[PDB]
């Protein structure tokens, strides 16, 4: 049977990578434009209730790499500049009447894709809206000039080249130079020296520079004027207000430092980042800022800079008539690590977290009249120490809204664990202390979250007790016992240098909540792992096992054994001293636990050592199948350890997952695609009998039948590969046929064939690392397939993607599309104008309402 699927997003992506604020409606109200990755969304936080409403959401069918807002002189509405994975730059204007993003301009300059020398990664606009600049990570950058016409409509000019070969750009930001010629500050670095010195000296000798590009308007050209080398490498720049309301210049954020610099007769004013007092992290680890914000008022202006630990500091500069004397930092608050922050007018702060839920707070105290110690750059500093501060709970901010975000989803199981007619989606997601297992029920989804201790890797379901057996593992983290030992060692070090006897007692008594203050994580090859047994109904953990400070869990499976009775067992694969980059692991251990009290407690039966990391554990006909490195072994339960009875060695690189149906086993390779291996019981050997013709960085897999396997890429793809007919699993040299290919634009870590509504069509549901949920529904007739295919074709040309990308090229990112119709694009038929709808429907010999009903009929059969 030919496989033709209809792709539909049930739950849109909920993570956020970019967020900007401004008056996009043309009124005094300030909204927020966010990038969900391949989605552009508009949010309006109501200043009366303190809640964020979603007004518009648009699938752009691209990779939004940059997003900024600007405004012309005397203008009342803010435009939206977007740099995509296309070779184009787009300028959009939100129209509140039609409730749409109107593409005002779209200019092409390069090839598509997240390329190395094609602009789109960095975007920087002049603070007066006179010119924008779009730059790549290497070489070329382009400057467009923005103006208005007699009808007050925005006009864009031809690009202006600002290219420089062999130059790596860290970050670009515009400079507020009032109404002089616009200027753009770049953090650049030249690597031409490092590539011609076979000794490596030029590599360590090359240093990051801060460069300035001036756009001469009278001469209409971009010139690279200044280029000063920097002491230490900076990660990004902050545009300080300039002109008549502030001193122009830039703030370079480095590692453990922040430096004001400005061209002309201006000294460099650097200030060390105030480290947290009694920091439980590693002393050799540095501290950097992850994001920033700027709030300008007629009175003053300040910046909000968040650290790696979540500490938001308020930064103010002392004017000193025209040259800044000092940079003043003070501890503002502590929120989860954010990808962007927006200090809205009327007193509200939007925190778009890098993972997990997002937050909206109200400001009450700007930190002006407080007893907390404010830090400056003029204070004497030995360079062997840094400034210390004490973190305290929220006092300047109050939680007014929390937006739910499933990102990042690491595992998902769709099943009816509670005794209801409709199954539920159990999603193990979150990161670190903010991880969670969430139950989702539809009847859009409604969720309930139960917090977890570390980042869950994979969880299995106990068939007899319906309880969930999760493994949680995090890198460079401390276990509970090692955390207590570290606090004890710090208290011991503290009693010598006599208020410290009481201070160390208070330190041991105060346990900072890691869900709000982050987790004290340090070291390189350190690992924190926890096995948990949870009830799907309630939020209670039925059992918990902590592991070694260097033991990291990566696999789990519950199974009965033919060697013993119906009593269940739990096998957990663990690596020791992994050291991810560069890779150099020590050994591995398989925990074999007995399952007692009908799935409520774990009995440590034994630990079996093994060469490398057990990355996959799956039951297989009484015994068990385990993948260690590139070796696929079969184990049977022993009285004291796991006994090996057979192994296969010719696996290509490294096993990342195995699943079995009948006497076949599908080994997923980390880089190569799936491998079909056959196990002959009497011969007691594993023989590879099929592989694939395409390398695929597999993340998950799901066997649809005896011959087909549906898998997901690390690069955001879904493939379906089937064995050819008349394939006897005794002879080798068999190649499998790729019968379906599709690009979701988001990395998928869980594929499962199931049926959401009872009795309906069997579909294939996938989860998204960016917090999304999608489905692929098979087609029933060639009439419906041809109809939806022509709908897709017509919408590709009549309603092209919003950010310059080409839809067919986008869905063909890494492999050409094979037998998948994009329903996310087809449903945009309702968003077109009536003229185009009528024309396309007449091309299909039916009416626009008939097409809308035909589209809506699919969102009931899933």
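Numbering follows the first chain given and starts at 1.
Missing deposited residues between residue 443 and residue 444: 10 or more, all without coordinates in the entry. Counting the unmodelled positions of the deposited sequence between residue 497 and residue 498 gives a gap of 4 to 9 residues.
Between the stretches 762-770 and 192-200, it is 192-200 that shows the larger average CA temperature factor. Taking the PDB entry as given, 557-565 carries the higher mean Cα B factor of the two stretches 689-697 and 557-565. Highest C-alpha temperature factor among 644, 141, 116, 722, as the PDB entry reports it: 644. Ranking 180, 672, 281, 216 by the C-alpha B-factor listed in the PDB entry places 281 at the top. The entry lists a Cα temperature factor for residue 743 that places it in the lowest third of the chain's modelled residues.
In this PDB entry, residue 9 carries a Cα temperature factor that places it within the lowest third of its chain's modelled residues. For residue 276, the recorded CA B-factor ranks within the highest third of the chain. Only modelled residues enter the ranking. In the deposited entry, the Cα temperature factor of residue 477 sits in the top third of values across the chain's modelled residues. The deposited CA B-factor of residue 37 belongs to the lowest third of values across its chain.
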